[PDB]
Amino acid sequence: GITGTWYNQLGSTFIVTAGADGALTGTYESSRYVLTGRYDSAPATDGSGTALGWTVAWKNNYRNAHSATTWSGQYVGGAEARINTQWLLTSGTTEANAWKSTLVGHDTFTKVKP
């Protein structure tokens, strides 16, 4: 299922546990940073994926970028499991610079290094 170690298309490492209560917990390496999120613990049974999302704030004991990324996507099971996401990366800014505070992109995760 969702629990496991995943890799995006650029080589980041996403180590996640999907708990019984809908919780996502784990670490993200782009050293390691804390992540938390949520997932649908009772998905549909019609072939649809499992909706999920998580957040990393880019502060650890070694660096602070004053920013945070959220990933929103779905887990698609099968022979080659995948998590397909789109993400928003917001930096702390002054009000005058807030218009350019948020980057957007898309990450796809598999259980194999790219």
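Just count from 1 along the sequence shown to find any residue number.
The entry shows a gap from residue 30 to residue 31, with 4 to 9 unmodelled residues of the deposited sequence in between. The mean C-alpha temperature factor is higher for 59-67 when 59-67 and 83-91 are set side by side.
The PDB entry reports B-factors from which the mean C-alpha value can be compared for 7-15 and 101-109; the larger average falls on 7-15. If you compare the C-alpha temperature factors of 45, 36, 50, 72 in the entry, 45 comes out highest.
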